[PDB]
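Let me begin by presenting the structure, written as structure tokens, before commenting on it.
Just so it is clear, none of the values below were taken in a lab; they were calculated from the coordinates. Because the Cβ atoms are built from the backbone with ideal geometry, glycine has one as well, and the counts that use them run over all protein chains shown.
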Protein chains: 2
Amino acid sequence: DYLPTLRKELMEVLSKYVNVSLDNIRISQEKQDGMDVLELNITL
Amino acid sequence: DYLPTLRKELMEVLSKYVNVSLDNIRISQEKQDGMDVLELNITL
């Protein structure tokens, strides 16, 4: 419930850093074994 | 020259958000066509 908002926050941070828009950012989690991995992709 | 430091900044942001350490964060860019893609991976 809190992670979704942290992911949105990360989009803001990226938008400000490399001057991309929200549409140029992809964030998603995937299950890796017994743990999860958060993955971000930014088009530059 | 400035991007490396933004990437380090992103590590800080992630460390604070999902309470992971720097060793649990991987950030790297790859060339996609005529553009570049910034990719982040966080172990949760």
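Below, the figures for the structure above:
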| quantity | calculated |
| --- | --- |
| About the Cα centre, charge dipole magnitude for chain A (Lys/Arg +1, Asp/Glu -1 at Cβ), debye | 180 |
| Positive minus negative residues near B:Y2 (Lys, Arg vs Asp, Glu; Cβ under 15 Å) | 0 |
| About the Cα centre, charge dipole magnitude for the protein assembly as shown (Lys/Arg +1, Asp/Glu -1 at Cβ), debye | 140 |
| Positive minus negative residues near B:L22 (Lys, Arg vs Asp, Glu; Cβ under 15 Å) | +1 |
| Dipole axis of chain B (+1 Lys, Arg; -1 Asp, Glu on Cβ), positive-most option in B:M35, B:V18, B:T5 | B:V18 |
| Average silhouette area of chain B, convex hull of alpha-carbon atoms, in square nanometres | 3.4 |
| Within straight-line cross-link reach of A:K16, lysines at Cα separation under 21 Å, skipping those fewer than 8 residues along the same chain | A:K8, B:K8, B:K16 |
| Relative contact order for chain A, counting Cα pairs under 8 Å that sit 6 or more residues apart, in percent | 30 |
